[PDB]
Amino acid sequence: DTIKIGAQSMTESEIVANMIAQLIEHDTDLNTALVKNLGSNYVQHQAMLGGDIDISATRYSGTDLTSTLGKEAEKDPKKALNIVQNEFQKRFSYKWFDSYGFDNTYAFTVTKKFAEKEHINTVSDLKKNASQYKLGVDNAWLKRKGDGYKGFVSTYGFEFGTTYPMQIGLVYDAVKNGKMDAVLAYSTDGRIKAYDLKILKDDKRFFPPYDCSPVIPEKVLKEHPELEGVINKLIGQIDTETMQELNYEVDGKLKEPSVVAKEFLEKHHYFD
């Protein structure tokens, strides 16, 4: 009776995974374990297949759509969501829930200085001097299909001078400190606001939506009928603006994801 909760290696996945674990134990007698440092959605998916985790705390619609399901990058939020839901159900009997209420999308990000200096408002504005720029990206974007670099190139019609892959958590100082001209940040990271960075408009709508949801096998839900009510408490409850604050509590204020989770659940009375 130990529910195994997967967290991807993002602050966000850790906060949400602890929130799920605590809400489970508060409402139930099921205990819980966290399985951290899953490198990606593929790692998260494989582990669910093998039964190493019972719950993905965080999955993102555009990410599994273009990799796990091998589909085209659907550009509409609603349609892209319905497609992963019906496909996860049809293919695996896994329930991809409705969103928590937030989108966590790749976002081209620069300092306000650099954008005045280079006159940048949109991702197409980068084209003009692109080969002069250094771009910071995560370990996994350059090789991704459909929504990765290969696809960025054939949509936007240019490449950056040099691309630097690094742990996502480092792209926020690297851009503030002039070490990169641009980075491919994640929009729910709270350091974008905290460092007064600028998100460039994705003017060609290259990126799919990345609405965030928990995923749990039906097999696991039927086995523990009191689980879905728990998870249901969180659905539609965390907007982007809230998830940016929560993330910042860990990345900026250096609090444990467990403490951030506890404090959020306490503020909302554990949603009863």
Side-chain angles (χ1 to χ4, degrees), residues 1-38 41 44 47-48 52-61 81 95-105 168-169 172 185-197 210-217 220-221 223-272:
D1 270 353
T2 67
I3 309 295
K4 297 183 299 302
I5 307 163
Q8 197 173 303
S9 60
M10 298 170 276
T11 286
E12 176 172 286
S13 196
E14 291 187 24
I15 294 164
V16 173
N18 282 275
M19 207 181 288
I20 291 167
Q22 287 167 36
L23 199 52
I24 297 184
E25 302 193 7
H26 180 268
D27 289 348
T28 309
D29 194 52
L30 298 160
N31 82 316
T32 53
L34 296 190
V35 178
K36 291 175 180 162
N37 307 310
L38 310 174
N41 76 288
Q44 292 209 64
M48 195 171 283
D52 291 322
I53 60 163
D54 299 301
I55 306 184
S56 271
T58 59
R59 303 285 282 274
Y60 309 87
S61 64
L81 180 51
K95 196 192 163 86
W96 184 296
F97 280 75
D98 287 348
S99 196
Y100 291 115
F102 66 87
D103 191 348
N104 187 5
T105 183
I168 186 67
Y172 309 89
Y186 299 175
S187 64
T188 49
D189 201 290
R191 288 161 288 189
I192 291 162
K193 239 89 181 164
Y195 300 171
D196 200 59
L197 305 178
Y210 294 96
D211 287 288
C212 187
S213 297
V215 183
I216 314 170
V220 172
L221 301 172
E223 205 184 327
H224 298 284
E226 77 275 53
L227 200 34
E228 181 164 345
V230 172
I231 314 296
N232 178 74
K233 271 175 164 171
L234 300 173
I235 306 296
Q237 289 309 315
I238 313 176
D239 60 12
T240 305
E241 187 185 81
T242 297
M243 194 53 75
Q244 289 160 347
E245 298 180 347
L246 296 167
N247 279 330
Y248 186 69
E249 290 290 297
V250 173
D251 297 306
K253 303 190 171 158
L254 320 179
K255 307 179 186 183
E256 287 280 310
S258 69
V259 174
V260 189
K262 187 173 200 198
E263 286 199 23
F264 176 75
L265 295 169
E266 271 165 15
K267 169 190 255 193
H268 306 284
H269 302 273
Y270 291 82
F271 312 92
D272 290 26

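Every heavy atom of this structure was used, including side-chain atoms; hydrogens, water molecules and symmetry mates were not. All residue numbers refer to positions in the sequence shown, counting from 1.
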Check your understanding: Which atom names give the shortest non-hydrogen contact between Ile192 and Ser187, and what distance separates them?
Key -> CD1-CA, 4.0 Å
**Study point:** Expected output: side-chain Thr2 to main-chain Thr32 donor-acceptor under 3.5 Å
**Key:** no
**Study point:** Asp52 side chain reached by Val35 side chain, heavy atoms, under 4.5 Å
**Key:** no
Practice item. Side-chain contact test, heavy atoms from C-beta onward, threshold under 4.5 Å: evaluate it for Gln22 versus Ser258 and give yes or no. Key: yes
Practice item. Considering non-hydrogen atoms only, spot the tightest contact between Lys233 and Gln237 and give its length. Key: O-CG, 3.1 Å
**Study point:** CD1 on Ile3 to CG on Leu30, rounded to 0.5 Å
**Key:** 5.0 Å
Review point. More than 12 foreign heavy atoms under 6.0 Å from CD of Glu223: is that the case here?
Key: yes
Check your understanding: Does any non-hydrogen side-chain atom of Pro214 lie less than 4.5 Å from one of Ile235?
Key -> yes
Exercise for review: For a side-chain contact (heavy atoms from CB on, under 4.5 Å) with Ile15, tell me which candidate from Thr58, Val259, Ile238, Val250 qualifies.
Suggested key: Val250
Exercise for review: Answer whether the closest heavy-atom distance between the side chains of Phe97 and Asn232 falls below 4.5 Å.
Suggested key: no
Point to revise | Nearest atoms (heavy-atom pairs only) where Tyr100 meets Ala57 | key: OH-O, 2.6 Å
Check your understanding: Do any N or O atoms from the side chain of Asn37 and from the backbone of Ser9 form a donor-acceptor pair under 3.5 angstrom?
Key -> no
**Study point:** Closest approach of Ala261 to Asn18 (non-hydrogen atoms, all atoms of both residues)
**Key:** CB-CB, 3.8 Å
Review point. Side chain of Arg191, backbone of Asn247: donor and acceptor closer than 3.5 Å?
Key: no
Revision key, fill the gap. Here the gap from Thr11 atom OG1 to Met243 atom CE, rounded to the nearest 0.5 Å, amounts to 11.0 Å
Practice item. Answer whether the closest heavy-atom distance between the side chains of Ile24 and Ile55 falls below 4.5 Å. Key: yes
Exercise for review: Can you measure from CD1 (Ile231) to OG (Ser213) and round to the nearest 0.5 angstrom?
Suggested key: 11.5 Å
Check your understanding: If every non-hydrogen atom of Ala185 is compared with every non-hydrogen atom of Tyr172, which pair is closest and at what distance?
Key -> CB-CE2, 3.6 Å
Check your understanding: What pair of heavy atoms forms the shortest contact from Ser13 to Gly6, and how long is it?
Key -> OG-O, 4.2 Å
Review point. Could you walk me through whether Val260 and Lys253 pass the side chain to side chain contact (heavy atoms under 4.5 Å, CB included) check?
Key: CA-CA 10 Å; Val260 189; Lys253 303 190 171 158; over 6 Å; no
Output a table of donor-acceptor pairs, distance under 3.5 Å, between side-chain atoms of residues 262-272 and any protein atom two or more places apart or on a different chain; print 'none' if there are none.
none

**Study point:** Of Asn104, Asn41, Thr105, the residue whose pairing with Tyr60 passes side-chain contact (heavy atoms from CB on, under 4.5 Å)
**Key:** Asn104
Practice item. Mind checking the NZ-CG spacing from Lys255 to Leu246? Nearest 0.5 Å is all I need. Key: 10.5 Å
Practice item. Scan for salt bridge (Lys or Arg N to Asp or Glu O under 4.0 Å) pairs involving residues 2-20, sequence neighbours excluded, and state none if there are none. Key: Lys4-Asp54
Review point. Quick one: do the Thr28 and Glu226 side chains pair a donor with an acceptor below 3.5 Å?
Key: no
Point to revise | Atom pair CG/CG of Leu197 and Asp189 - distance to nearest 0.5 Å | key: 9.5 Å
Practice item. Test side chain to side chain contact (heavy atoms under 4.5 Å, CB included) on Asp1 and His224 and set out the steps. Key: CA-CA 9 Å; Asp1 270 353; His224 298 284; 3.5 Å; yes
